[PDB]
Amino acid sequence: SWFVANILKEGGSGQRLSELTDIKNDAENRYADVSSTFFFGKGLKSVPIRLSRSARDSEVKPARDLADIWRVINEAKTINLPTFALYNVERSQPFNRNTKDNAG
Amino acid sequence: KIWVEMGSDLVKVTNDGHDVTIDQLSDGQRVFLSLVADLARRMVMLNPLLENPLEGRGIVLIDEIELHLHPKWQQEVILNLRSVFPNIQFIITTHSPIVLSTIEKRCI
Amino acid sequence: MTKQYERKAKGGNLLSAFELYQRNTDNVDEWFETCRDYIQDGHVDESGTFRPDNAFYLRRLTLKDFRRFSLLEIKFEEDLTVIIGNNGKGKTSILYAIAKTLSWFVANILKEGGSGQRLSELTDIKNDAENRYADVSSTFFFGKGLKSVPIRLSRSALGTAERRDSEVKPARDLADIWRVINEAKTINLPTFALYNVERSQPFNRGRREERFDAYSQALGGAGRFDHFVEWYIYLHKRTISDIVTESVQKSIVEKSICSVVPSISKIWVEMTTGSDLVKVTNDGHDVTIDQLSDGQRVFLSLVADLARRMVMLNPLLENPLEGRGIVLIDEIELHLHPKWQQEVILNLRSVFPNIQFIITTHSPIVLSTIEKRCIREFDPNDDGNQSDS
Amino acid sequence: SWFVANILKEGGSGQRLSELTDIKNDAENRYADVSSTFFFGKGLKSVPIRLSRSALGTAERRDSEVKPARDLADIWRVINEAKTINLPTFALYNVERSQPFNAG
Amino acid sequence: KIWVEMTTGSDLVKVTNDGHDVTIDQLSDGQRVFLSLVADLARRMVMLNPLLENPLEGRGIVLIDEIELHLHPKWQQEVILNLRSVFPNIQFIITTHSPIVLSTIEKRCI
Amino acid sequence: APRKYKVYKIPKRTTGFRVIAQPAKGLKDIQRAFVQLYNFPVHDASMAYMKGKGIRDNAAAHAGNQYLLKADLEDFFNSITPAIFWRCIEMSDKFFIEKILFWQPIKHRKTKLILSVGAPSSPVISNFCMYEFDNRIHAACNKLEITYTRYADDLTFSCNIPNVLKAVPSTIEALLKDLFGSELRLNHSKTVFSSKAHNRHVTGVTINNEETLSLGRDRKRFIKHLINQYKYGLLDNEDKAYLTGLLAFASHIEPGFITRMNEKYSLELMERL
RNA sequence: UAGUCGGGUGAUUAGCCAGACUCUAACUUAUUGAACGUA
Ligand SMILES: Nc1ncnc2c1ncn2[C@@H]1O[C@H](COP(=O)(O)OP(=O)(O)OP(=O)(O)O)[C@@H](O)[C@H]1O
Ligand SMILES: [Mg+2]
């Protein structure tokens with residue numbers, strides 16, 4: 001979500017971990033850390049990013065830089081951005097059947 | 001076959017040889033249709049320069065991929081997905097060990 | 001004709017006895033007792049399980065021109081009938097039709113002259129059909145007295161200038177007996193539930209202590225786990241005291257939930273904070289229902305709704321879970337690990353014995369110990385569009 | 001509200017009582033009736049109405065008797081449609097009117 | 001004033017309105033508004049006065065627009081009999097339409 | 001006339017009522033005269049509303065079969081209209097025939113013309129409508145070794161060869177749609193299959209597991225409790241007459257039961273009643 | 001096993017004998033209309 005938000009507009013901020021539910025109930029530290037590591041090919045290669053939440057900050061700068069690169073390059077000229085998507089059981093929903101005209 | 005019929009713009013799908021609508025569609029047929037068409041739309045929109053936008057990149061996560069799916073359909077979901085999305089990275093969780101039979105042990 | 005109804009009722013016909021009640025002393029002490037003992041008699045068999053003298057349970061369904069089917073017949077086994085097929089055949093349409101037929105039972109036990117659910121003139125009639133109307137005929141059974149209770153939920157297609165009346169009057173009559181006899185003296189009512197795929201939903205965050213709130217949103221598909229949590233908090237508040245049928249109801253639901261669901265071992269309510277939330281001992285770790293997984297949560301939101309609806313709808317039954325009813329489940333394998341799939345029904349139909357479970361599935365491993373008489377099977381080639389296994 | 005519903009739309013079913021609030025919690029009757037008489041001119045000096053509501057699980061569906069009020073409201077609607085006629089102005093104003101402040 | 005949970009299965013508020021023992025829903029609406037105002041002020045002043053034998057003897061400025069809103073005259077004639085006695089050291093700035101409350105206030109404070 | 005009827009209600013043996021429309025006397029006589037003037041073709045299997053052949057014969061037509069099936073036409077009488085009658089006549093001046101034969105249950109629907117159960121001429125027209133229906137159904141049945149009868153809303157089939165009646169239901173529907181367009185329709189809810197393992201009975205007469213007609217154990221016990229009461233004279237006038245009528249019915253359908261009852265107590269007792 | 005058919009005892013119940021089991025009863029509507037009786 002940080003990568004995604006930082007592409008819509010400069011300095012975006014993706015979602016963060018919940019405080020009530022996302023932290024281990026028996027954790028001796030009372031905070032949860034989620035340390036991801038992407039590879040952007042060979043040009044920029046390693047890209048760390050760590051989210052955190054207490055019951056502690058989050059180092060999200062590399063994602064901000066990479067998404068800023070994507071955003072400025074796209075603004076200057078059209079490119080092919082990535083496709084980040086999650087599908088959970090919540091995709092199991094009744095067909096609403098109610099179309100809406102959102103005007104583009 | 002999927003098409004749009006005009007005066008309320010119904011989405012008609014030839015399911016099992018019969019033209020039904022998304023309401024007259026099983027809970028697994030419609031859910032798989034959703035999880036596929038959503039990605040198709042997203043990647044067509046985010047890859048406007050590729051001649052085959054389905055080849056674009058990204059990360060796609062699917063929890064309980066076998067949801068609302070009978071054993072035969074479980075056995076070929078991921079393979080068709082990878083065939084229409086060659087380059088997308090797929091992180092897929094599940095609990096039914098009959099989708100694994102069609103993948104290399106490297107990815108388990 | 002006091003004489004002919006008298007003869008019928010003396011034979012054992014429940015409907016004639018109730019009609020005699022509606023004429024004599026009601027503007028009698030004998031016919032009221034007959035009608036009430038008809039719907040209250042039973043015996044404890046060798047297994048310690050209360051068994052009705054007259055069992056209420058669906059017997060036949062006939063789908064004429066209904067969605068995929070053009071004609072079909074299912075001899076619902078009296079007790080357990082798993083319709084095993086695979087997507088595209090109609091195992092959900094069957095439960096949808098059955099729930100909409102039971103909706104009239106529910107509506108007319110809620111209030112005389114009530115109204116139940118209705119087939120749709122846009123999505124319930126076969127598109128290839130020439131009749132342009134669908135007919136869910138059905139027949140229930142409630143003992144020697146009312147051996148046949150017909151119903152017919154019929155609906156014509158939108159735009160066709162030919163209505164199709166529905167024959168729900170026998171349902172009105174039987175529900176009238178239930179409701180009136182319940183009012184005059186307390187009886188145990190039948191439980192009706194529909195747990196389709198909609199019971200899987202996020203754990204987002206009426207009085208709930210009645211007896212007729214057991215029918216609220218009962219044949220919609222999701223149940224009401226919101227109502228169960230509310231009612232269980234209510235029970236906890238009403239039964240702390242020293243630390244009473246409220247206590248017994250609470251214990252019954254606790255044991256039911258902790259027995260049907262294997263991951264969940266305990267469940268209670270805490271308000272040491274200002275929240276008043278339910279704690280579940282899942283996998284040996286105390287958590288909240290939000291933290292539960294998608295298959296530990298529906299496996300709870302089904303049994304909890306059932307136990308709730310069956311403790312505060314069978315008040316006089318020693319073990320309310322042994323009461324009667326007709327419960328439809330649209331995909332018993334939803335979110336369940338295969339090991340769980342292999343023992344769902346064996347335990348579901350062990351604490352709710354006298355309930356007719358009309359279950360559906362597509363996983364052949366759910367039918368582990370299920371007898372072949374209980375399995376209805378649409379052949380993959382000879383698809384569901386033809387009048388078992 | 002029944003007068004309004006029937007003057008607006010033919011067969012309009014105005015607001016009904018509630019089985020959950022508009023019934024005395026302690027009443028052996030187990031139903032609540034809200035009867036009311038109206039006076040409209042020298043002719044029709046008594047237009048009655050009853051809004052009834054019985055709890056769930058009662059043998060007789062204690063039912064509102066709104067036929068005469070509906071008939072008068074339908075007279076209003078029909079004679080207005082044929083020729084313009086001034087119509088009653090019902091309104092309600094509770095303590096909720098203390099609130100801060102499409103041509104069709 | 002108490003909260004009755006551990007009876008009735010719900011949490012209800014109960015008062016002794018006029019010597020009764022009723023639920024706060026039976027209280028007059030104006031009495032409810034005045035109750036909410038008083039409780040809010042007391043909570044704020046006990047939060048902001050930790051080192052104090054009686055936190056209600058703390059300082060501050062409280063403004064009340066139409067202190068007699070929705071109160072029956074019999075309640076207006078008693079509202080301000082206890083504002084100062086329980087909140088001595090706080091400056092009250094009130095506005096009102098009613099003379100019945102004025103029959104309890106000196107001209108010095110008007 | 002079509003509107004010359006009087007409607008009323010007669011109760012049901014369990015619950016509810018049924019609505020009947022008995023014609024007027026003048027049109028009653030006119031339709032009787034019309035019935036006498038022209039006799040309508042009728043099939044032998046239609047063992048109902050004809051001279052001699054009663055319920056006993058209709059039930060005995062299936063006595064010597066082990067597998068029984070039957071279906072009930074949905075809304076038999078009220079479905080028949082002028083179109084059905086005239087199509088039947090054509091397949092093998094006329095306005096007054098429409099007037100005499102039919103009933104108008106609605107004050108506005110001049111064209112809503114149907115047969116009523118009350119009409120004495122209703123049985124003849126009902127039998128006439130299905131003359132070719134019975135022809136073809138019975139021809140098919142006897143081609144597959146099936147005995148078929150019809151007691152006026154009870155189409156009964158029976159056979160000894162297993163798994164043959166299964167196709168019969170569908171057959172019926174098809175033929176119906178060929179003959180009476182799509183107006184008269186079957187009642188899929190009532191269609192019943194039975195064997196020598198269940199409680200077969202045709203038109204109220206029970207068929208026991210020995211291929212003989214019987215009153216059923218239910219009645220054989222009911223009107224013998226009644227007889228045991230008459231033994232001590234605990235009945236009444238209407239109740240005694242009811243017992244007499246039931247004993248007469250049992251004599252007609254199952255004479256052996258009457259003989260056994262006589263042997264049970266005496267002969268004079270049943271002569272008295 | 002279960003349902004079912006219905007031979008006697010006892011008095012619409014209970015209860016003793018037989019028996020048979022196509023995937024597979026569910027007892028109906030009166031004054032018309034047949035059929036039974038009765039007069
Ligand atoms: N009105 C209809 N007309 C024609 N076909 C229909 C109609 N409604 C449903 N169908 C059929 O239903 C099929 C889907 O199966 P259905 O939803 O009825 O039950 P299921 O798939 O077995 O169970 P579930 O929906 O829970 O997965 C569609 O392929 C479609 O062919
Ligand atoms: Mg999941």
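The chains referred to below are lettered A, B, ... by the order of the sequence lines, with proteins before strands, and numbering in each begins at 1.
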#### Entry: Assigned glycosidic conformation for G/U32 [threshold 90° from 0]
syn

### Message
Looking at C/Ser148, I'd like to know whether one of its side-chain N or O atoms comes within less than 4.0 Å of OP1 or OP2 on G/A26.
### Response
no

### Summary
Note: for C/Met1 and F/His201 on RNA chain G, the residue whose nearest nucleotide lies more 5' is F/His201

### Task
Have a look at F/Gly216 and say if it touches a base, only the backbone sugar-phosphate, or nothing, with a 4.0 Å heavy-atom cut-off.
sugar-phosphate

### Those residues of residues 33-41 of chain F lying under 4.0 Å from RNA chain G by at least one heavy atom
none

### Message
Against F/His201, only a single residue in F/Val205, F/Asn199, F/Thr203 fulfils side-chain contact (heavy atoms from CB on, under 4.5 Å); can you say which?
### Response
F/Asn199

### For G/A34, pucker side given by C1'-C2'-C3'-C4' sign
north

### Between P of G/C5 and CZ of F/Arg219, the distance in whole Å
13 Å

### Message
From CG of F/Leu243 over to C1' of G/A11, roughly how many Å is that when rounded to an integer?
### Response
14 Å

## Note on the structure
Readout for nucleotides 13-19 of chain G: B = base within 4.0 Å of protein heavy atom, S = sugar-phosphate only, - = neither; 5' to 3' it is SBB---B

### Task
Decide whether F/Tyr148 and F/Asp134 meet the rule of one side-chain donor and one side-chain acceptor closer than 3.5 Å.
yes

### Presence of donor-acceptor pair under 3.5 Å, side chain of F/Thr206 and base of G/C5
no

### Gap between atoms NZ and P, on F/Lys70 and G/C27 respectively (whole Å)
10 Å

### Query
When the distance from CG of F/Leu69 to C1' of G/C23 is rounded to whole Å, what number comes out?
14 Å

### Task
Look only at the side chain of C/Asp45 and the backbone of C/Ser47, and say whether a donor-acceptor pair between them is shorter than 3.5 Å.
yes

### Between G/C27 (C1') and C/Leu146 (CG): distance, integer Å
13 Å

### Message
So for G/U32, where does the sugar sit by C1'-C2'-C3'-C4', north or south?
### Response
north

### Query
Does the ring centre of F/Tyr67 sit less than 6.0 Å away from the ring centre of F/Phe193?
no

### Query
Would you say the base of G/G8 and the side-chain of F/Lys220 have a donor-acceptor pair closer than 3.5 Å?
no

### Summary
C/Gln386 CD to G/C23 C1', in whole Å, measures 15 Å

### Query
Under 4.0 Å between a side-chain N/O of F/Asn199 and OP1 or OP2 of G/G6, yes or no?
no

### Phosphate OP1/OP2 of G/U29 contacted by F/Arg18 side-chain N/O (<4.0 Å)
yes

### Summary
Separation of G/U22 atom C1' from F/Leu68 atom CG, nearest Å, is 12 Å

### Query
F/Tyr8 side chain: which of G/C27, G/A11, G/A30 is closest?
G/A30

### Message
The side chain of C/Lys75 is closest to which nucleotide in this list: G/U22, G/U28, G/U24?
### Response
G/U24

### Query
With a non-hydrogen cut-off below 4.0 angstrom, is F/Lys12 in contact with a base, only sugar-phosphate, or nothing?
sugar-phosphate

### Message
Please classify the nucleic acid contact of C/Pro150 as base, sugar-phosphate, or nothing, using heavy-atom distances under 4.0 Å.
### Response
nothing

### Message
Walk along nucleotides 33-39 of chain G from 5' to 3' and tag each nucleotide B, S or - by protein heavy-atom contact under 4.0 Å, base first, then sugar-phosphate.
### Response
BSSSS--

### Query
Looking at F/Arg13, does any N or O in its side chain come under 4.0 Å of the phosphate oxygens OP1/OP2 on G/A30?
yes

### Query
For the ring pair C/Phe56 and C/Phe105, is the centre-to-centre distance below 6.0 Å?
yes

### Summary
Sign of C1'-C2'-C3'-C4' (positive north, negative south) puts the sugar of G/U4 north

### Query
Hey, which of these two, F/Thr14 or F/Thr191, hits RNA chain G nearer its 5' end, going by closest nucleotide?
F/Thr191

### Task
Have a look at the sugar of G/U31 and report north or south, taking a positive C1'-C2'-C3'-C4' as north and a negative one as south.
south

### Separation of the P atoms in G/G8 and G/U29, to the nearest angstrom
30 Å

### Message
Tell me whether the ring of F/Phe193 lies stacked over the G/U24 base, given a 5.5 Å limit on centroids and a 30° limit on the plane angle.
### Response
no

### Query
Side-chain donor-acceptor pair under 3.5 Å between C/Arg7 and C/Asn13, yes or no?
no

### Message
Does G/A34 count as syn, meaning its glycosidic angle lies within 90° of 0, or as anti?
### Response
syn

### Message
Checking F/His188 against C/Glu73: is there a side-chain donor and acceptor pair closer than 3.5 Å?
### Response
no

### Query
Does the side chain of C/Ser137 come under 3.5 Å of the side chain of C/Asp135 through a donor N or O and an acceptor N or O?
yes

### Query
Are the side chain of F/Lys220 and the backbone N or O of F/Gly216 linked by a donor-acceptor pair below 3.5 Å?
no

## Note on the structure
The ring pair (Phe, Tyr, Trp, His ring centres under 6.0 Å) partner of C/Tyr57 among C/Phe141, C/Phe142, C/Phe76 is C/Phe141

### Gap between atoms CG and P, on F/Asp72 and G/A26 respectively (whole Å)
14 Å

### Summary
Closest to the side chain of F/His198, out of G/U9, G/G6, G/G3, is G/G3

#### Entry: Verify stacking: G/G6 then G/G7, 5.5 Å distance, 30° angle limits
no

### Query
Would you call the sugar of G/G33 north or south from its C1'-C2'-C3'-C4' torsion?
north

